[PDB]
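Working notes, structure below.
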Amino acid sequence: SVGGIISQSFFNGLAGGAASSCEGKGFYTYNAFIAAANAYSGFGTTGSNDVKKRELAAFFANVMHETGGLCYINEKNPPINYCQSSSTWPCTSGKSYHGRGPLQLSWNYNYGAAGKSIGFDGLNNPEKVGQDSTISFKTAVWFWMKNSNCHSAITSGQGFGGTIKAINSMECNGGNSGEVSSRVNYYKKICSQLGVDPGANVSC
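Numbers given in UniProt numbering equal positions in the sequence shown, counted from 1, plus 72.
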């Protein structure tokens, strides 16, 4: 029922600010988002209308931050391949697990697990996250629901700030106040566009 809260018009509003030269423009699509949202039971369909609106606002605020406003698919000039040697999620030689997609999925161990959930080979074909729109959004909803405390935070009174803590706790408590402010600014704007109060515990 996410499409009832986030319309095509609302999504185009978010995606439309990206410069035409952004790789994300026309890659990050409403069709892909709605397909991804519906794939994970409870995502933006938990709680009252205000709770659902705040969860979706929280998801999009973090997505807007991570992608520079739905501009970037790929992490810029990644310094490493993001391989942590593992017997469970072995790195494929020659592949990079740099950030890709709406929440910048990174590291072999995360790609492996995402691929297992979504139905692609995360270790051998991490590039799919930057090539298939629906897979790309599914990695973000998967991370939100299954690989982090983001969903639990936003549905247990921890507010938007709890989602920041769930995603990159190093930013909180003065770690990087500019990064927190970036995420918060997006959250407040999106809440305003959805006509929902941002709630408590907005920052961290």
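A virtual CB, placed ideally from N, CA and C, is assigned to each residue, including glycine.
Using a Cβ-based criterion (distance less than 6 angstroms to any ligand heavy atom), does residue i qualify as near the ligand COA?
i	result
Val213	Absence of the ligand COA from the depicted structure is noted, as is the absence of any ligand whatsoever, leaving it without description.
One question on the structure: do residue i and residue j come within less than 7 angstroms of each other, judged by their Cβ atoms?
i	j	result
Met242	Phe115	no
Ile262	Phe132	yes
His170	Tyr154	yes
Relative to the C-alpha of residue i, which candidate in the options has its C-alpha closest?
i	options	result
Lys125	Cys143, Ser79, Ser159, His170	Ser79
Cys143	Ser93, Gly184, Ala129	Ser93
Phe105	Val74, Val123, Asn121, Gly88	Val74
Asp122	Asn103, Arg172, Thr227	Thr227
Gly234	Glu199, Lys188, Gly271	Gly271
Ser253	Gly231, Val268, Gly267, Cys276	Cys276
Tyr258	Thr139, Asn110, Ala111	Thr139
Which residue marks the beginning of the alpha helix (DSSP H) containing residue i, and which one marks its end?
i	result
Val256	249-266
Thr227	Per DSSP, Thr227 belongs to no alpha helix (DSSP H) and is neither H nor E.
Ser81	80-88
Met242	It is not in any alpha helix (DSSP H) - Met242 carries neither H nor E in the DSSP assignment.
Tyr102	102-110
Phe131	121-139
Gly75	74-77
Which same chain residues, not among the five before or five after residue i, have their C-beta less than 7 angstroms away from its C-beta?
i	result
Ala90	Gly96, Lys97, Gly141, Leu142, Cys143
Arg255	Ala133, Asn134, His137, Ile236
Give me, in chain order, the residues of the same chain whose beta-carbon lies closer than 8 angstroms to that of residue i; leave out the 5 immediate sequence neighbours on both sides.
i	result
residue 277	Outside the displayed range of the chain (73 to 276) lies residue 277, so it cannot be described from this structure.
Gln265	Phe82, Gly85
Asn146	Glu95, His170, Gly171, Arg172, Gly202
In this structure, how does DSSP classify residue i when only helix, strand and coil are distinguished?
i	result
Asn219	coil
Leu177	strand
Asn146	strand
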